[PDB]
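Participant: Here you go, one structure.
2 protein chains.
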Amino acid sequence: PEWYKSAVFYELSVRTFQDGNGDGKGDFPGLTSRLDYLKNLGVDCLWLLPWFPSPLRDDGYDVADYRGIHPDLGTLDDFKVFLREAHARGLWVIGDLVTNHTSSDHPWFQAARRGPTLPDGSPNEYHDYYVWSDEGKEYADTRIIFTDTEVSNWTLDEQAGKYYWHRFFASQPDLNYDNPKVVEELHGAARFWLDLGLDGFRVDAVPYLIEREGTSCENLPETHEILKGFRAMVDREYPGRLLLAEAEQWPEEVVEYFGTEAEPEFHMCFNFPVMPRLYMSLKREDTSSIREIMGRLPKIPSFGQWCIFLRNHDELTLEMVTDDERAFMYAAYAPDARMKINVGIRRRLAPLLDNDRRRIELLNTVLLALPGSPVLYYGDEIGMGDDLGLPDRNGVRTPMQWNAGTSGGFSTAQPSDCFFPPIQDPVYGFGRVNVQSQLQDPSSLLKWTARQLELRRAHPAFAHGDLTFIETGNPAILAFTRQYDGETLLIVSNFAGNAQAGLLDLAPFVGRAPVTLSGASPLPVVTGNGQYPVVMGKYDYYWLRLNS
Amino acid sequence: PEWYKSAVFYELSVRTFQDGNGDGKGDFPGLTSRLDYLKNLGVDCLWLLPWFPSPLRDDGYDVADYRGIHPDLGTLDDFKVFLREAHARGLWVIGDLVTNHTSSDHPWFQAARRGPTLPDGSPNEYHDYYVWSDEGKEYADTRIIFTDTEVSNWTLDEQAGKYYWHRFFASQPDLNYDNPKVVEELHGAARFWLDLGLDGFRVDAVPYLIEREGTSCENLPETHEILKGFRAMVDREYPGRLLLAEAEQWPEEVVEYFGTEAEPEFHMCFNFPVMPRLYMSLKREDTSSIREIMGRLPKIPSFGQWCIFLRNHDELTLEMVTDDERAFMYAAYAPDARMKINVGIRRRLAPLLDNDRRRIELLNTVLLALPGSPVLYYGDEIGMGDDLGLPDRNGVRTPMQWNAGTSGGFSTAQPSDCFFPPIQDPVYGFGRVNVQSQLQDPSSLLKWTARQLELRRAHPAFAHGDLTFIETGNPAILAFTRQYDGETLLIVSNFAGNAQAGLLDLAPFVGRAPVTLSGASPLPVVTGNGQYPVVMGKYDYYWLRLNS
Ligand SMILES: [Ca+2]
Ligand SMILES: [Ca+2]
Ligand SMILES: [Mg+2]
Ligand SMILES: [Mg+2]
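Written as structure tokens, this is what we have:
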């Protein structure tokens with residue numbers, strides 16, 4: 007199998023991970039000094055949030071120069087040196103190719119807003135790089151994604167005197183992909199970084215490339231054609247590199263971003279369908295949704311691989327769930343109106359689960375058992391907290407907490423002088439939660455994560471095997487098998503907060519002796535009926551092999 | 007039933023709990039301000055460590071005035087107010103009556119070491135308050151209890167020119183209970199405090215009162231008869247008051263300290279027999295030794311109630327276990343030779359269990375479900391650690407950690423200036439393990455202890471009911487029932503570090519459904535055979551009720 011099927015991804019922001027020069031802002035030298043950490047955690051691949059020059063009105067997803075490194079973060083030679091030292095430690099590295107849009111402050115748009123004609127008479131090449139309208143009347147059949155800041159997907163530019171289109175901030179005008187000169191430019195943006203050694207791209211907001219009147223302007227076929235073109239390029243010109251879709255849609259729509267095998271698109275897609283159901287199942291102590299949503303996922307092509315994740319740098323999205331489910335999830339997980347944003351909840355993993363470690367562990371054993379490659383949001387392995395006094399999703403992006411010293415080890419600058427301020431509240435602050443402490447605690451959450459990644463690493467079934475739900479007879483107990491090679495694993499997870507009993511249907515496994523993946527603790531051999539009784543305490547997870 | 011059969015006890019030392027005036031030493035004004043915390047924790051009786059005038063050569067167990075308050079700790083009026091404020095909250099308060107010995111700085115011993123006759127010529131009333139010998143020959147049978155420090159229980163006195171007896175430090179001369187004027191004085195001391203309102207006493211070192219040649223000078227008949235006289239005193243003059251005994255002996259000799267319904271002695275004794283066997287059971291993953299020592303305990307009288315604990319201000323003592331048993335506790339639990347003191351281990355509960363919460367929760371639920379009244383050591387409810395850089399068991403007595411402020415909130419004094427210096431290492435120090443953090447943390451070990459004493463309080467079978475083990479068919483799992491009034495409880499606990507299976511023998515409960523005490527989750531009904539399949543994760547505890 008390909009390398010990315012086996013990997014554990016780890017998602018960090020250069021700017022909030024480690025500061026190297028005391029300016030209060032994370033940078034590449036700082037990241038480079040921390041690399042042994044990620045090596046020894048069990049991480050295989052760094053996913054870096056955007057590092058490009060940018061005015062940071064969406065924290066770097068408003069790219070202003072696809073071919074550089076933001077001054078805050080180091081120089082291009084810094085990047086080159088970090089990329090060298092990552093590969094010297096067996097870490098693959100992938101970027102963010104922000105394809106749908108650029109900053110208002112990108113040269114292309116500053117040039118596009120001059121008009122169709124230049125003041126001499128000749129055409130303005132760059133005007134048609136972007137999406138203009140004289141009235142802004144087009145595409146009304148579309149939803150606004152940033153509901154808490156934007157009123158229209160059309161904004162009037164003062165200079166061009168007409169309306170430009172954007173699915174996100176008006177800082178971030180949409181690029182016009184019916185212009186093949188623009189498709190050129192981002193093949194060329196990709197080649198620039200692929201030639202430097204980068205192993206792949208998270209591609210940003212792929213469902214929103216092409217708009218069309220009288221459609222939802224999401225997931226359209228021509229969008230997939232643009233994306234097949236990217237895969238065609240990378241397969242020919244840089245074999246073995248990764249393409250990783252951020253497609254946040256319903257499951258029938260998400261499987262499309264893989265593509266047939268005769269004409270492929272991405273290699274991997276995030277499993278946005280299950281992420282909200284993991285949390286919902288917890289509060290309801292009912293796993294039905296998990297199995298039904300895993301149910302609506304087709305078989306995917308040979309080269310395909312899901313990226314399973316719990317949280318990340320954006321809010322917990324709720325835009326692809328039922329009106330009912332969404333209401334439930336706010337009631338269970340956003341008690342304060344301050345916790346809500348944009349059809350979503352902006353909290354880090356540990357506070358969503360009340361800092362209860364039995365629950366955090368439970369959800370992480372599922373992340374690593376469900377089929378795919380698991381990606382970890384930085385700091386979620388020491389149990390970091392949110393800071394909601396910060397605006398718009400910055401609250402979950404606070405600086406990494408390395409030790410109990412100045413700014414938690416993030417900078418020698420004072421927390422006031424940090425890009426976002428290091429958390430110091432009595433529960434989740436760097437005085438209580440930091441890596442130093444958990445390296446010297448025999449029992450810490452950092453240690454526990456590393457151990458389960460070893461344990462996952464020691465059974466290739468978890469990364470490569472099939473999935474089959476077995477029926478338990480009690481919706482608080484979710485159970486499934488994963489088979490690959492001789493291995494057949496059995497994973498039983500109790501989503502309720504008191505003891506539960508189930509009656510696992512294991513008729514296909516009569517004769518087999520289940521034992522524990524930690525020290526092969528023996529269980530009764532499955533016999534006759536196939537119907538196996540089990541009892542489980544609070545949030546327990548049995549990880550088991552079915553000999554022979 | 008009497009109050010002490012229902013109480014939760016909390017052990018603490020006034021000197022290391024709360025400083026009031028920032029002089030570095032804890033004091034009764036500071037303790038009074040924290041009674042809200044103790045009441046809210048669900049504690050019922052405070053047990054205080056000795057608070058008398060003294061030179062603290064054994065943290066005040068070497069007493070130099072029975073009817074004063076050590077000035078480190080306040081005035082006798084500060085003590086009255088504390089006592090008034092504790093009762094005003096429905097809290098009992100018991101003291102420590104050090105009976106066997108007095109400081110060498112006690113007025114008595116200063117007088118007694120002057121000889122059997124004064125200079126003027128009349129007899130010295132005080133000389134016989136202590137046990138003198140001219141040779142040191144006598145009582146050659148006895149063992150030294152402070153094995154690391156004293157070579158001889160006899161010590162020459164420079165001034166009296168003859169040897170004096172001490173079972174503990176040389177600076178703690180033994181009182182002589184063959185003089186009835188000593189029994190007189192300690193009845194009067196005992197009265198002094200009971201007249202002020204104290205709800206009883208822990209009597210210290212009871213086995214070693216009277217010494218007789220040709221015996222071990224422990225547990226003697228004449229030591230019990232002195233003690234029957236104490237019970238008789240409080241029985242008559244102060245009905246209600248608890249007598250409580252520290253008797254660190256094998257089970258048959260421990261049970262003598264209650265002393266039949268005909269002429270009673272103590273209302274309560276520390277269950278020293280089970281404690282080593284709980285720790286040893288956890289590391290063998292084999293609970294047999296817990297059942298064996300509950301068996302060898304004979305039934306105690308009607309007024310009697312065990313005192314169950316895990317840790318306390320002394321070392322985890324091993325003086326009363328096998329050579330093999332002791333070798334296993336030393337190997338499993340004392341990797342540094344330094345952690346050994348006086349046949350036993352000087353470490354706090356959280357270090358002993360590798361700071362592992364699943365394990366701390368395990369033992370504590372066992373503390374709460376075994377018959378007896380449970381006593382908690384101060385700060386093991388937040389998971390405090392130890393400081394081996396202090397001498398002679400003081401490592402487990404560092405100041406309480408209230409918050410992350412100046413000395414963990416124990417004082418405005420710098421930690422260099424505290425009586426003992428607050429713990430500050432990266433795992434257990436007060437920047438990470440403190441009460442502020444855990445009152446604010448939804449899922450803290452403190453909140454856990456409270457929510458888990460409330461469960462205990464909600465079921466009088468825990469306090470009063472019987473005890474019956476059941477057979478589980480797997481020595482890793484420890485099950486018992488407890489029955490009182492309607493209620494039959496069923497407590498199943500896994501002592502292994504990975505999932506275990508067992509077949510519980512529930513034959514006399516067929517037709518009956520076990521249900522969960524938390525959130526009333528019912529399990530499969532016990533049927534036909536009675537043989538109940540169960541599975542259990544890492545250090546699980548099932549607290550169940552049996553309908554109907
Ligand atoms: Ca677009
Ligand atoms: Ca004595
Ligand atoms: Mg910097
Ligand atoms: Mg003081």
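Chain order of the listed sequences is A and B. Residue numbering for the first sequence follows the numbering used here, starting at 7 and increasing by one per position. Residue numbering for the second sequence follows the numbering used here, starting at 7 and increasing by one per position. Here a beta-carbon is modelled for each residue, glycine too, at the ideal position from N, C-alpha and C.
#1: Does the CB of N225 of chain A have a neighbour CB from chain B at under 7 Å?
#2: Could you check what DSSP says for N500 of chain B in three-state terms: helix, strand or coil?
#3: Counting only the same chain and skipping the five closest in sequence on each side, list residues whose C-beta sits under 7 Å from that of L484 of chain B.
#4: Taking only beta-carbon atoms, is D25 of chain A less than 7 Å away from chain B?
#5: Report the start-end ranges of each alpha helix (DSSP H) in the stretch 405-444 of chain B that is 4 residues or longer and not cut off at the edges.
#6: Would you mind giving the Cβ-Cβ distance between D210 of chain B and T105 of chain B, rounded to the nearest angstrom? I have them listed as a contact below 8 Å.
#7: Could you give the DSSP three-state label for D134 of chain A: helix, strand or coil?
#8: What is the rounded straight-line gap between the Cα of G121 of chain A and the Cα of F278 of chain A?
#9: Under a criterion of Cβ closer than 6 Å to any non-hydrogen atom of ligand 5, which residues qualify, in chain order?
#10: What does DSSP give as the partner residues of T229 of chain B in its beta bridges?
#11: Taking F236 of chain B as the reference, give the member of B:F334, B:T404, B:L226, B:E191 with the closest Cα.
#12: Within 7 Å (strictly less), CB to CB, does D447 of chain B reach chain A?
#13: State the Cα-Cα distance for the pair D64 of chain A and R290 of chain B, rounded to the nearest angstrom.
#14: Where does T533 of chain B land, buried or exposed, given buried means 16+ other C-beta within 10 angstroms?
#15: Would you check if the distance between the CB atom of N182 of chain B and the CB atom of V212 of chain B is smaller than 7 Å?
#16: Indicate the three-state DSSP secondary structure (helix, strand or coil) for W98 of chain A in the structure shown.
#17: 7 Å is my cut-off, CB to CB: does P530 of chain A come that close to chain B?
#18: Indicate whether at least one CB of chain B lies closer than 7 Å to the CB of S443 of chain A.
#19: Identify which residue in B:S413, B:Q458, B:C424, B:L451 has its Cα closest to the Cα of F436 of chain B.
#20: Rounded to a whole number of angstroms, what is the C-alpha to C-alpha distance between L512 of chain B and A519 of chain B?
#21: Since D163 of chain B is in the beta strand (DSSP E), which residue starts that stretch and which ends it?
#22: If we require 3 or more residues per run, which beta strand (DSSP E) segments fall completely within the stretch 444-474 of chain A?
#23: By the 10 Å Cβ neighbour count, where 16 or more other Cβ atoms means buried, how is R354 of chain B classified, buried or exposed?
#24: May I ask which residues mark the beginning and end of the beta strand (DSSP E) holding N553 of chain A?
#25: Count the other CB atoms, across all protein chains shown, that sit within 10 Å of the CB of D68 of chain A; report buried if there are 16 or more and exposed otherwise.
#26: Please list the terminal residues of the continuous alpha helix (DSSP H) segment that includes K86 of chain A.
#27: Mind checking whether the beta-carbon of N159 of chain A lies closer than 6 Å to any heavy atom of ligand 1?
#28: Can you give the beta carbon distance from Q311 of chain A to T371 of chain A, rounded, assuming they're within the 8 Å contact cut?
#29: Compare the C-beta of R438 of chain A with all C-beta atoms of chain B and state if any pair is closer than 7 Å.
#30: Run through the DSSP bridge pairs and tell me what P380 of chain A is partnered with.
#31: Three-state secondary structure (DSSP) at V69 of chain B?
#32: Under three-state DSSP, which class holds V349 of chain B?
#33: Among the candidates B:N409, B:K544, B:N504, whose CA atom is the shortest distance from the CA of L445 of chain B?
#34: Looking only at its own chain, which residues have a Cβ that is under 6 Å from the Cβ of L82 of chain A, when we skip the five neighbours before and after it?
#35: If we call anything under 7 Å between Cβ atoms a contact, is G32 of chain B one with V20 of chain B?
#36: Are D392 of chain A and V381 of chain A closer than 7 Å when you measure CB to CB?
Facilitator: So, from the listed chains and residues:
#1: It does not; no Cβ of chain B falls within 7 Å.
#2: When DSSP states are grouped into helix, strand and coil, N500 of chain B belongs to the strand group.
#3: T293, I296, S499, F501
#4: No, no contact with chain B.
#5: none
#6: 6 Å
#7: Annotated three-state conformation of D134 of chain A is helix, per DSSP.
#8: 40 Å
#9: In terms of ligand content, the structure shown lacks ligand 5 and carries ligand 1, ligand 2, ligand 3 and ligand 4 instead.
#10: Per DSSP, none; premise fails for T229 of chain B.
#11: Of the candidates B:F334, B:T404, B:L226, B:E191, B:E191 places its Cα closest to the Cα of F236 of chain B.
#12: Output row for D447 of chain B: interface = yes.
#13: 56 Å
#14: exposed
#15: no
#16: strand
#17: Residue contact check for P530 of chain A against chain B: a CB pair falls below 7 Å.
#18: yes
#19: B:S413
#20: When rounded, the separation of the alpha-carbon atoms in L512 of chain B and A519 of chain B is 11 Å.
#21: 160-163
#22: Along the stretch 444-474 of chain A, the beta strand (DSSP E) does not occur as any fully enclosed run of 3 or more residues.
#23: Under the 10 Å beta carbon count, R354 of chain B is surrounded by 16 or more other beta carbons and is classified as buried.
#24: 547-553
#25: buried
#26: 82-93
#27: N159 of chain A: no, Cβ never under 6 Å from ligand 1.
#28: The C-beta distance from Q311 of chain A to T371 of chain A rounds to 20 Å, too long to fall under 8 Å, and the pair is not in contact.
#29: yes
#30: A:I314
#31: Coil, per DSSP.
#32: coil
#33: B:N409
#34: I75
#35: yes
#36: no
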